[PDB]
>>> print(open('structure00.pdb').read())   # PDB, C-alpha atoms
ATOM      1  CA  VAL A 851     -41.138  -3.255   3.225
ATOM      2  CA  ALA A 852     -43.286  -6.298   2.429
ATOM      3  CA  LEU A 853     -41.638  -6.466  -1.005
ATOM      4  CA  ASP A 854     -37.915  -6.900  -1.712
ATOM      5  CA  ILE A 855     -36.887  -3.293  -1.088
ATOM      6  CA  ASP A 856     -33.900  -2.366   1.064
ATOM      7  CA  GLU A 857     -34.605  -0.105   4.033
ATOM      8  CA  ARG A 858     -31.276   1.716   3.613
ATOM      9  CA  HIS A 859     -32.208   2.886   0.102
ATOM     10  CA  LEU A 860     -35.737   3.840   1.223
ATOM     11  CA  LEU A 861     -36.204   7.373   2.554
ATOM     12  CA  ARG A 862     -39.124   9.678   3.331
ATOM     13  CA  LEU A 863     -39.296  13.468   3.051
ATOM     14  CA  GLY A 864     -41.622  15.528   5.215
ATOM     15  CA  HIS A 865     -42.141  17.197   8.561
ATOM     16  CA  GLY A 866     -40.488  15.569  11.563
ATOM     17  CA  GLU A 867     -43.516  16.027  13.831
ATOM     18  CA  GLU A 868     -45.705  13.642  11.813
ATOM     19  CA  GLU A 869     -46.328  10.247  13.390
ATOM     20  CA  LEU A 870     -44.874   7.337  11.406
ATOM     21  CA  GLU A 871     -47.471   4.581  11.033
ATOM     22  CA  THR A 872     -44.870   2.138   9.694
ATOM     23  CA  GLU A 873     -42.918  -0.228  11.930
ATOM     24  CA  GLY A 874     -39.644   1.479  10.966
ATOM     25  CA  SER A 875     -38.987   5.216  11.037
ATOM     26  CA  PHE A 876     -38.477   6.379   7.446
ATOM     27  CA  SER A 877     -37.480   9.928   8.438
ATOM     28  CA  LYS A 878     -33.915  11.246   8.249
ATOM     29  CA  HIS A 879     -33.298  10.740  11.976
ATOM     30  CA  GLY A 880     -34.926   7.309  11.812
ATOM     31  CA  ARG A 881     -32.825   6.353   8.789
ATOM     32  CA  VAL A 882     -29.697   7.570  10.605
ATOM     33  CA  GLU A 883     -30.596   5.490  13.677
ATOM     34  CA  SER A 884     -31.288   2.428  11.508
ATOM     35  CA  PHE A 885     -27.962   2.927   9.709
ATOM     36  CA  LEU A 886     -26.156   3.200  13.060
ATOM     37  CA  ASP A 887     -27.825   0.004  14.314
ATOM     38  CA  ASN A 888     -26.934  -1.799  11.074
ATOM     39  CA  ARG A 889     -23.349  -0.531  11.386
ATOM     40  CA  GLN A 890     -23.139  -1.864  14.952
ATOM     41  CA  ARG A 891     -24.557  -5.232  13.852
ATOM     42  CA  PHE A 892     -22.138  -5.396  10.904
ATOM     43  CA  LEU A 893     -19.217  -4.506  13.187
ATOM     44  CA  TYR A 894     -20.228  -7.278  15.602
ATOM     45  CA  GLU A 895     -20.540  -9.738  12.700
ATOM     46  CA  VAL A 896     -17.137  -8.685  11.326
ATOM     47  CA  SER A 897     -15.577  -9.099  14.779
ATOM     48  CA  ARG A 898     -17.123 -12.575  15.065
ATOM     49  CA  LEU A 899     -15.849 -13.487  11.585
ATOM     50  CA  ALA A 900     -12.355 -12.216  12.439
ATOM     51  CA  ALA A 901     -12.378 -14.216  15.683
ATOM     52  CA  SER A 902     -13.483 -17.322  13.771
ATOM     53  CA  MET A 903     -10.811 -16.770  11.100
ATOM     54  CA  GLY A 904      -8.136 -15.917  13.671
ATOM     55  CA  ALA A 905      -7.472 -12.423  12.323
ATOM     56  CA  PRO A 906      -5.418 -10.433  14.868
ATOM     57  CA  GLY A 907      -6.546  -7.023  16.043
ATOM     58  CA  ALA A 908      -9.937  -5.394  16.499
ATOM     59  CA  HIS A 909     -11.511  -5.418  13.038
ATOM     60  CA  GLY A 910     -14.917  -4.284  14.318
ATOM     61  CA  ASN A 911     -13.681  -0.965  15.690
ATOM     62  CA  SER A 912     -14.659   1.152  12.671
ATOM     63  CA  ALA A 913     -16.517   0.677   9.396
ATOM     64  CA  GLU A 914     -13.550   1.696   7.227
ATOM     65  CA  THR A 915     -11.270  -0.541   9.304
ATOM     66  CA  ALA A 916     -13.818  -3.356   8.959
ATOM     67  CA  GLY A 917     -13.875  -2.897   5.187
ATOM     68  CA  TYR A 918     -10.077  -2.828   4.922
ATOM     69  CA  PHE A 919      -9.683  -5.924   7.118
ATOM     70  CA  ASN A 920     -12.500  -7.734   5.285
ATOM     71  CA  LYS A 921     -10.817  -7.010   1.956
ATOM     72  CA  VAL A 922      -7.279  -7.933   3.080
ATOM     73  CA  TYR A 923      -8.562 -11.185   4.626
ATOM     74  CA  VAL A 924     -11.422 -12.420   2.421
ATOM     75  CA  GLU A 925     -10.112 -11.329  -1.010
ATOM     76  CA  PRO A 926      -6.998 -13.558  -0.921
ATOM     77  CA  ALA A 927      -9.136 -16.266   0.707
ATOM     78  CA  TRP A 928     -11.935 -15.922  -1.862
ATOM     79  CA  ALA A 929      -9.349 -15.883  -4.664
ATOM     80  CA  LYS A 930      -7.767 -19.076  -3.295
ATOM     81  CA  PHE A 931     -11.200 -20.711  -2.980
ATOM     82  CA  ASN A 932     -12.093 -19.731  -6.558
ATOM     83  CA  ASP A 933      -8.737 -21.037  -7.811
ATOM     84  CA  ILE A 934      -9.295 -24.329  -5.971
ATOM     85  CA  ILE A 935     -12.828 -24.638  -7.371
ATOM     86  CA  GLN A 936     -11.541 -23.757 -10.856
ATOM     87  CA  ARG A 937      -9.522 -26.991 -10.976
ATOM     88  CA  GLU A 938     -11.323 -29.767 -12.849
ATOM     89  CA  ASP A 939     -10.075 -32.431 -10.410
ATOM     90  CA  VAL A 940     -11.695 -30.738  -7.388
ATOM     91  CA  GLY A 941     -14.899 -32.502  -6.382
ATOM     92  CA  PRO A 942     -17.783 -31.368  -4.175
ATOM     93  CA  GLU A 943     -16.030 -32.733  -1.074
ATOM     94  CA  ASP A 944     -12.839 -30.834  -1.928
ATOM     95  CA  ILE A 945     -14.862 -27.662  -2.550
ATOM     96  CA  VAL A 946     -16.659 -28.095   0.785
ATOM     97  CA  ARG A 947     -13.374 -28.736   2.610
ATOM     98  CA  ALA A 948     -11.685 -25.695   1.019
ATOM     99  CA  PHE A 949     -14.371 -23.277   2.244
ATOM    100  CA  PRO A 950     -12.763 -20.877   4.768
ATOM    101  CA  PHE A 951     -16.068 -19.551   6.181
ATOM    102  CA  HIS A 952     -17.129 -22.820   7.832
ATOM    103  CA  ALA A 953     -16.613 -21.419  11.338
ATOM    104  CA  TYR A 954     -18.486 -18.211  10.475
ATOM    105  CA  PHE A 955     -21.362 -20.250   9.004
ATOM    106  CA  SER A 956     -21.445 -22.645  11.979
ATOM    107  CA  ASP A 957     -24.252 -20.581  13.541
ATOM    108  CA  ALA A 958     -26.427 -21.343  10.497
ATOM    109  CA  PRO A 959     -28.742 -24.391  10.466
ATOM    110  CA  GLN A 960     -26.573 -27.460   9.960
ATOM    111  CA  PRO A 961     -25.605 -28.867   7.496
ATOM    112  CA  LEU A 962     -24.256 -25.960   5.450
ATOM    113  CA  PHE A 963     -23.384 -28.358   2.608
ATOM    114  CA  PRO A 964     -25.594 -31.461   2.306
ATOM    115  CA  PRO A 965     -23.842 -34.810   1.787
ATOM    116  CA  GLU A 966     -26.159 -35.625  -1.136
ATOM    117  CA  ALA A 967     -25.527 -32.202  -2.694
ATOM    118  CA  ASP A 968     -23.538 -32.179  -5.932
ATOM    119  CA  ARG A 969     -20.676 -29.852  -6.878
ATOM    120  CA  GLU A 970     -23.120 -27.270  -8.263
ATOM    121  CA  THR A 971     -25.113 -27.109  -5.013
ATOM    122  CA  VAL A 972     -21.951 -26.848  -2.892
ATOM    123  CA  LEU A 973     -20.660 -24.086  -5.180
ATOM    124  CA  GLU A 974     -24.021 -22.309  -4.863
ATOM    125  CA  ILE A 975     -23.856 -22.572  -1.057
ATOM    126  CA  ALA A 976     -20.296 -21.199  -1.032
ATOM    127  CA  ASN A 977     -21.368 -18.379  -3.364
ATOM    128  CA  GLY A 978     -24.300 -17.621  -1.058
ATOM    129  CA  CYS A 979     -21.991 -17.422   1.959
ATOM    130  CA  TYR A 980     -19.605 -15.174   0.009
ATOM    131  CA  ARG A 981     -22.555 -13.021  -1.089
ATOM    132  CA  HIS A 982     -23.701 -12.700   2.533
ATOM    133  CA  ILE A 983     -20.181 -11.637   3.559
ATOM    134  CA  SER A 984     -20.044  -9.157   0.662
ATOM    135  CA  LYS A 985     -23.480  -7.784   1.601
ATOM    136  CA  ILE A 986     -22.314  -7.275   5.197
ATOM    137  CA  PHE A 987     -19.188  -5.514   3.901
ATOM    138  CA  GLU A 988     -21.291  -3.360   1.554
ATOM    139  CA  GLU A 989     -23.630  -2.406   4.409
ATOM    140  CA  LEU A 990     -20.596  -1.457   6.514
ATOM    141  CA  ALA A 991     -19.195   0.611   3.629
ATOM    142  CA  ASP A 992     -22.551   2.347   3.097
ATOM    143  CA  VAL A 993     -22.798   3.171   6.807
ATOM    144  CA  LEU A 994     -19.198   4.440   6.692
ATOM    145  CA  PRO A 995     -20.222   7.577   4.709
ATOM    146  CA  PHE A 996     -22.720   8.463   7.449
ATOM    147  CA  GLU A 997     -20.056   8.010  10.137
ATOM    148  CA  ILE A 998     -17.580  10.111   8.133
ATOM    149  CA  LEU A 999     -19.902  13.125   8.198
ATOM    150  CA  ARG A1000     -20.249  14.842  11.577
ATOM    151  CA  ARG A1001     -23.266  17.109  11.033
ATOM    152  CA  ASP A1002     -26.665  15.423  10.919
ATOM    153  CA  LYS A1003     -27.871  17.741   8.140
ATOM    154  CA  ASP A1004     -24.774  17.044   6.024
ATOM    155  CA  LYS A1005     -25.184  13.288   6.548
ATOM    156  CA  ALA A1006     -28.873  13.504   5.599
ATOM    157  CA  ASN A1007     -28.030  15.514   2.466
ATOM    158  CA  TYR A1008     -25.326  13.013   1.475
ATOM    159  CA  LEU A1009     -27.727  10.106   2.052
ATOM    160  CA  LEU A1010     -30.542  11.711   0.043
ATOM    161  CA  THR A1011     -28.275  12.828  -2.809
ATOM    162  CA  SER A1012     -26.394   9.560  -3.387
ATOM    163  CA  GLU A1013     -27.256   6.778  -0.928
ATOM    164  CA  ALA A1014     -31.050   6.940  -1.244
ATOM    165  CA  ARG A1015     -32.444   5.082  -4.258
ATOM    166  CA  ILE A1016     -36.164   5.344  -3.414
ATOM    167  CA  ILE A1017     -37.439   8.575  -1.845
ATOM    168  CA  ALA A1018     -41.121   9.076  -0.995
ATOM    169  CA  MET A1019     -42.526  12.559  -0.424
ATOM    170  CA  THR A1020     -45.781  14.501  -0.462
ATOM    171  CA  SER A1021     -46.818  17.065  -3.062
ATOM    172  CA  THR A1022     -46.719  19.910  -0.523
ATOM    173  CA  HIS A1023     -43.281  18.823   0.719
ATOM    174  CA  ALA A1024     -41.990  18.565  -2.861
ATOM    175  CA  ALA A1025     -43.369  22.009  -3.743
ATOM    176  CA  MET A1026     -42.009  23.631  -0.572
ATOM    177  CA  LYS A1027     -38.565  22.027  -0.996
ATOM    178  CA  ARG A1028     -38.262  22.138  -4.788
ATOM    179  CA  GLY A1029     -35.522  24.772  -4.671
ATOM    180  CA  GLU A1030     -33.676  22.872  -1.940
ATOM    181  CA  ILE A1031     -33.866  19.670  -4.005
ATOM    182  CA  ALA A1032     -32.603  21.538  -7.078
ATOM    183  CA  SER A1033     -29.717  23.121  -5.153
ATOM    184  CA  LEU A1034     -28.801  19.841  -3.425
ATOM    185  CA  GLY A1035     -27.976  18.190  -6.758
ATOM    186  CA  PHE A1036     -30.316  15.245  -6.199
ATOM    187  CA  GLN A1037     -31.072  13.404  -9.443
ATOM    188  CA  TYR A1038     -33.897  11.009 -10.280
ATOM    189  CA  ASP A1039     -34.697   8.771 -13.242
TER     190      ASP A1039
ATOM    191  CA  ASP B  12      13.505 -14.295   5.901
ATOM    192  CA  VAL B  13      14.824 -17.264   7.880
ATOM    193  CA  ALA B  14      18.434 -16.139   7.368
ATOM    194  CA  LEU B  15      17.616 -12.612   8.598
ATOM    195  CA  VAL B  16      17.628 -13.843  12.229
ATOM    196  CA  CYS B  17      21.025 -14.661  13.743
ATOM    197  CA  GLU B  18      22.187 -16.125  17.049
ATOM    198  CA  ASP B  19      22.328 -12.646  18.617
ATOM    199  CA  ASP B  20      18.580 -12.192  18.030
ATOM    200  CA  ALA B  21      17.788 -15.658  19.418
ATOM    201  CA  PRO B  22      17.226 -14.319  22.978
ATOM    202  CA  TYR B  23      15.041 -11.583  21.470
ATOM    203  CA  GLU B  24      13.067 -14.232  19.566
ATOM    204  CA  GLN B  25      12.674 -16.258  22.774
ATOM    205  CA  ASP B  26      11.475 -13.159  24.647
ATOM    206  CA  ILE B  27       9.005 -12.399  21.842
ATOM    207  CA  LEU B  28       7.739 -15.992  21.954
ATOM    208  CA  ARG B  29       7.353 -15.850  25.746
ATOM    209  CA  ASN B  30       5.485 -12.509  25.604
ATOM    210  CA  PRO B  31       3.804 -12.032  22.207
ATOM    211  CA  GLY B  32       1.970  -8.896  23.349
ATOM    212  CA  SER B  33       4.830  -7.024  25.021
ATOM    213  CA  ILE B  34       5.442  -3.520  23.679
ATOM    214  CA  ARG B  35       8.674  -3.178  25.681
ATOM    215  CA  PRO B  36      10.291  -6.406  24.363
ATOM    216  CA  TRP B  37       9.308  -5.506  20.790
ATOM    217  CA  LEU B  38      10.785  -2.017  21.223
ATOM    218  CA  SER B  39      13.971  -3.515  22.695
ATOM    219  CA  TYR B  40      14.253  -5.948  19.769
ATOM    220  CA  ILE B  41      13.697  -3.103  17.286
ATOM    221  CA  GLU B  42      16.371  -0.994  19.010
ATOM    222  CA  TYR B  43      18.798  -3.937  18.990
ATOM    223  CA  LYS B  44      18.132  -4.550  15.286
ATOM    224  CA  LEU B  45      18.624  -0.856  14.490
ATOM    225  CA  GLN B  46      21.811  -0.502  16.550
ATOM    226  CA  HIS B  47      23.588  -3.681  15.405
ATOM    227  CA  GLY B  48      21.679  -5.439  12.626
ATOM    228  CA  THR B  49      21.678  -4.611   8.937
ATOM    229  CA  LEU B  50      19.085  -2.491   7.132
ATOM    230  CA  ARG B  51      17.277  -5.503   5.643
ATOM    231  CA  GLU B  52      17.186  -7.325   8.994
ATOM    232  CA  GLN B  53      15.920  -4.189  10.761
ATOM    233  CA  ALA B  54      13.242  -3.705   8.086
ATOM    234  CA  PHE B  55      12.155  -7.345   8.432
ATOM    235  CA  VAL B  56      12.026  -6.999  12.230
ATOM    236  CA  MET B  57       9.967  -3.799  11.937
ATOM    237  CA  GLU B  58       7.581  -5.491   9.486
ATOM    238  CA  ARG B  59       7.213  -8.481  11.829
ATOM    239  CA  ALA B  60       6.546  -6.156  14.780
ATOM    240  CA  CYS B  61       3.951  -4.218  12.768
ATOM    241  CA  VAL B  62       2.247  -7.451  11.674
ATOM    242  CA  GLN B  63       2.243  -8.915  15.194
ATOM    243  CA  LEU B  64       1.418  -5.656  17.030
ATOM    244  CA  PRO B  65      -0.359  -3.251  14.651
ATOM    245  CA  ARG B  66      -2.128  -1.440  17.520
ATOM    246  CA  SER B  67       1.160  -0.125  18.965
ATOM    247  CA  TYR B  68       1.354   3.618  18.317
ATOM    248  CA  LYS B  69       5.088   3.752  19.091
ATOM    249  CA  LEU B  70       5.819   0.956  16.602
ATOM    250  CA  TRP B  71       3.745   2.672  13.902
ATOM    251  CA  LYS B  72       5.413   6.035  14.564
ATOM    252  CA  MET B  73       8.891   4.460  14.426
ATOM    253  CA  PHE B  74       8.189   2.581  11.179
ATOM    254  CA  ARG B  75      10.515   3.595   8.346
ATOM    255  CA  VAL B  76      10.437   2.920   4.604
ATOM    256  CA  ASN B  77      13.928   4.268   3.911
ATOM    257  CA  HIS B  78      15.068   0.848   2.643
ATOM    258  CA  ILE B  79      12.670   1.092  -0.330
ATOM    259  CA  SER B  80      12.623   4.860  -0.963
ATOM    260  CA  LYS B  81      16.105   4.739  -2.539
ATOM    261  CA  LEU B  82      14.944   2.351  -5.291
ATOM    262  CA  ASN B  83      12.978   3.123  -8.438
ATOM    263  CA  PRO B  84       9.247   2.450  -7.844
ATOM    264  CA  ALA B  85       8.802   1.267 -11.446
ATOM    265  CA  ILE B  86      11.248  -1.614 -10.876
ATOM    266  CA  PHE B  87      10.620  -2.054  -7.133
ATOM    267  CA  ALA B  88       6.810  -2.025  -7.336
ATOM    268  CA  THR B  89       6.636  -5.215  -5.239
ATOM    269  CA  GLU B  90       8.213  -3.387  -2.288
ATOM    270  CA  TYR B  91       5.797  -0.496  -2.868
ATOM    271  CA  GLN B  92       2.867  -2.938  -2.825
ATOM    272  CA  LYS B  93       4.171  -4.525   0.389
ATOM    273  CA  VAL B  94       4.523  -1.080   1.989
ATOM    274  CA  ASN B  95       0.990  -0.234   0.823
ATOM    275  CA  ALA B  96      -0.330  -3.444   2.405
ATOM    276  CA  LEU B  97       1.504  -2.634   5.651
ATOM    277  CA  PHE B  98       0.052   0.893   5.601
ATOM    278  CA  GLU B  99      -3.425  -0.544   4.961
ATOM    279  CA  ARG B 100      -3.032  -2.857   7.967
ATOM    280  CA  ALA B 101      -1.804   0.073  10.080
ATOM    281  CA  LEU B 102      -4.780   2.192   8.986
ATOM    282  CA  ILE B 103      -7.041  -0.743   9.861
ATOM    283  CA  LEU B 104      -5.478  -0.774  13.338
ATOM    284  CA  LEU B 105      -4.732   2.964  13.797
ATOM    285  CA  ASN B 106      -7.313   4.845  11.705
ATOM    286  CA  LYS B 107      -7.358   7.729  14.222
ATOM    287  CA  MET B 108      -3.575   8.252  14.059
ATOM    288  CA  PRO B 109      -2.695  11.476  12.187
ATOM    289  CA  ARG B 110       1.032  10.734  11.971
ATOM    290  CA  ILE B 111       0.446   7.380  10.252
ATOM    291  CA  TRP B 112      -1.941   9.076   7.813
ATOM    292  CA  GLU B 113       0.686  11.744   7.086
ATOM    293  CA  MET B 114       3.327   9.049   6.516
ATOM    294  CA  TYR B 115       0.969   7.184   4.166
ATOM    295  CA  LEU B 116       0.245  10.426   2.290
ATOM    296  CA  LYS B 117       3.985  11.099   1.955
ATOM    297  CA  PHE B 118       4.541   7.545   0.681
ATOM    298  CA  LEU B 119       1.720   7.972  -1.850
ATOM    299  CA  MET B 120       3.179  11.314  -2.966
ATOM    300  CA  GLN B 121       6.519   9.549  -3.448
ATOM    301  CA  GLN B 122       4.765   7.076  -5.747
ATOM    302  CA  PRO B 123       3.580   8.250  -9.192
ATOM    303  CA  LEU B 124      -0.010   6.926  -8.943
ATOM    304  CA  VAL B 125      -2.060  10.125  -9.143
ATOM    305  CA  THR B 126      -5.465   8.430  -8.830
ATOM    306  CA  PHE B 127      -4.391   6.263  -5.881
ATOM    307  CA  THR B 128      -2.893   9.295  -4.120
ATOM    308  CA  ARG B 129      -6.098  11.276  -4.725
ATOM    309  CA  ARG B 130      -8.218   8.419  -3.346
ATOM    310  CA  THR B 131      -5.945   8.115  -0.294
ATOM    311  CA  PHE B 132      -6.133  11.880   0.296
ATOM    312  CA  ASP B 133      -9.936  11.802   0.014
ATOM    313  CA  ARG B 134     -10.123   8.879   2.458
ATOM    314  CA  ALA B 135      -7.786  10.667   4.886
ATOM    315  CA  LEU B 136      -9.858  13.860   4.663
ATOM    316  CA  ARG B 137     -13.105  11.946   5.219
ATOM    317  CA  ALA B 138     -11.788   9.751   8.048
ATOM    318  CA  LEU B 139      -9.844  12.293  10.140
ATOM    319  CA  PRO B 140     -10.747  15.445  12.106
TER     320      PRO B 140
END
>>> encode(input="structure00.pdb", output="structure tokens")
Amino acid sequence: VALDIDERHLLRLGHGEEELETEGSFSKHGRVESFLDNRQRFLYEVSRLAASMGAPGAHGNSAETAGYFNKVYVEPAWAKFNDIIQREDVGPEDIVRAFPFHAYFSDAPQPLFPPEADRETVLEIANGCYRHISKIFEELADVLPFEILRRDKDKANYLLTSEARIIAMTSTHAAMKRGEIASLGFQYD
Amino acid sequence: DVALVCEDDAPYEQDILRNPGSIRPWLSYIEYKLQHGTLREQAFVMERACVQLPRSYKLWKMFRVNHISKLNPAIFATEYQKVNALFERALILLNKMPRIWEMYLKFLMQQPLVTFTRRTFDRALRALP
């Protein structure tokens, strides 16, 4: 957690009665609760971005709906921004003025684009904003598979098999659940 | 699309401008376009109603793609892409609707894209009850 490791890809295997000394619950129920909280935060952020961009409808109602609306809105907008920045006659001021996420980034510490910043720095800032939007969309899409499954055990199995990239377990827990791990189709490198 | 609206639909346009979120005026305009207007004008009015009011279940259930089903999808792929975008917007607004999902599945089965139809069927199975 102190290093650059995502909490969504981090999971812990063991008994549910053990006390978690970490600040965040790394168990299956704790990971599900953290994913639900991240999904709610991403839905609120997507609703705020849709209100700033003037997108009609409730885009923060569901994670799949948020992903579809985010694609159908941002992808033409990001393509238009990239086409405008691809022109050789477009300067840093034109690139800053053509950014469509200025209202969404208004909550950030002003200025988003410095006046002394060159075209490269403005392009880097726009790419950082687009990467933040894409990371929010990816978090919503990752939390969508948990919301699609209804059973908690099925959601935990789907998270451990595919969604989890780092899984920490004890030797006794690995030995007791070796057959379950083999039957679940979980693969490690 | 400007020529698709005539003087008869001018009162309907004024009523839509006065009340942009009225389900009854939109339904009345759709019924007037279906009863008197041409197929292209009715399709344009239905597309405008779906774009303006995508959360209306009655508008989504009464949506028809019969104006593009009679054409070859290999030559009329632009109309198929527009219908796919409209269905994506409807699924963004009405993801819990089973009738809209069935209509989208039928439209995908009409098209020859096997992988896209399989992905749509998987998404419908994962997203519905």
>>> atom_distance(input="structure00.pdb", atom1="atom CA of residue 57 of chain B", atom2="atom CA of residue 893 of chain A")
29.2 Å
>>> closest_atom_pairs(input="structure00.pdb", of="chain A", to="chain B", cutoff="12 Å", atoms="only C-alpha atoms", output="CSV")
residue,atom,partner,partner_atom,distance
A:905,CA,B:63,CA,10.7
A:906,CA,B:63,CA,7.8
A:907,CA,B:104,CA,6.9
A:908,CA,B:104,CA,7.2
A:909,CA,B:103,CA,7.2
A:910,CA,B:103,CA,9.7
A:911,CA,B:104,CA,8.5
A:912,CA,B:106,CA,8.3
A:913,CA,B:103,CA,9.6
A:914,CA,B:103,CA,7.4
A:915,CA,B:103,CA,4.3
A:916,CA,B:103,CA,7.3
A:917,CA,B:103,CA,8.6
A:918,CA,B:103,CA,6.2
A:919,CA,B:103,CA,6.4
A:920,CA,B:103,CA,10.0
A:921,CA,B:99,CA,10.3
A:922,CA,B:100,CA,8.2
A:923,CA,B:100,CA,10.5
A:994,CA,B:138,CA,9.2
A:995,CA,B:137,CA,8.4
A:996,CA,B:137,CA,10.5
A:997,CA,B:138,CA,8.7
A:998,CA,B:137,CA,5.6
A:999,CA,B:137,CA,7.5
A:1000,CA,B:140,CA,9.5
>>> resolve_selection(input="structure00.pdb", expression="the PyMOL selection byres ((chain B and resi 111) around 10)", output="VMD selection string")
chain B and resid 68 71 to 74 98 101 to 102 105 to 110 112 to 117
>>> residues_near_point(input="structure00.pdb", point="(3.6, -1.9, -0.4)", cutoff="12 Å", atoms="all atoms listed in the file", output="list in words")
residues 58, 76, 79, 80, 84, 87, 88, 89, 90, 91, 92, 93, 94, 95, 96, 97, 98, 99, 100, 101, 115, 118, 119 and 122 of chain B
>>> atom_distance(input="structure00.pdb", atom1="atom CA of residue 952 of chain A", atom2="atom CA of residue 899 of chain A")
10.1 Å
>>> residues_around(input="structure00.pdb", residues="residue 889 of chain A", least_positions_apart="4", cutoff="7 Å", atoms="all atoms listed in the file", output="list in words")
residues 885, 893, 990 and 993 of chain A
>>> atom_distance(input="structure00.pdb", atom1="atom CA of residue 1038 of chain A", atom2="atom CA of residue 986 of chain A")
26.6 Å
>>> closest_residue(input="structure00.pdb", among="A:1003, A:925, A:987, A:862", to="residue 881 of chain A", atoms="all atoms listed in the file")
A:862
>>> closest_residue(input="structure00.pdb", among="A:896, A:972, A:1025, A:860", to="residue 1012 of chain A", atoms="only C-alpha atoms")
A:860
>>> resolve_selection(input="structure00.pdb", expression="the PyMOL selection byres ((chain A and resi 876) around 12)", output="MDAnalysis selection string")
chainID A and resid 851 856:866 868:875 877:885 1014 1016:1019
>>> residues_near_point(input="structure00.pdb", point="(-28.9, 21.1, -1.4)", cutoff="8 Å", atoms="only C-alpha atoms", output="list in words")
residues 1007, 1030, 1031, 1032, 1033, 1034, 1035 and 1036 of chain A
>>> closest_residue(input="structure00.pdb", among="A:886, A:976, A:901, A:927", to="residue 992 of chain A", atoms="all atoms listed in the file")
A:886
